[PDB]
Amino acid sequence: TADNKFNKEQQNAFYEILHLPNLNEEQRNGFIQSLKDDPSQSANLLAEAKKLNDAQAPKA
């Protein structure tokens, strides 16, 4: 079945989203929970994360 096509960013991105030191992993692990369970739109979730981070990243 192969069906492989992770390069647009999912690869490097993945290993990245798994580090955002400003949020909890419950929610974060959530988006990616779909990356591993369903590596179809893993990239898109990544966008949703950096967003959840940039907002709650600073000490605000």
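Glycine also receives a Cβ, built like all others from the backbone with ideal geometry; neighbour counts cover every protein chain displayed. Taken together, the values in this text are just the output of simple stated rules run on the coordinates, not laboratory data.
Please go through the range 40-57 and give me each residue that is within 16 Å of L23 (Cβ to Cβ) and either assigned to a helix (DSSP H, G or I) or touching a helix residue (DSSP H, G or I) at 6+ places or on another chain (Cβ under 7 Å) (or both), ordered by number.
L45, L46, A47, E48, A49, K50, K51, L52, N53, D54, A55, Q56
Please go through the range 19-39 and pick out each residue that is outside any helix (DSSP H, G or I) and surrounded by 13 or more Cβ atoms within 10 Å (Cβ to Cβ).
Once the filter is applied, which keeps residues that are outside any helix (DSSP H, G or I) and surrounded by 13 or more Cβ atoms within 10 Å (Cβ to Cβ), the range 19-39 yields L20, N22, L23, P39.
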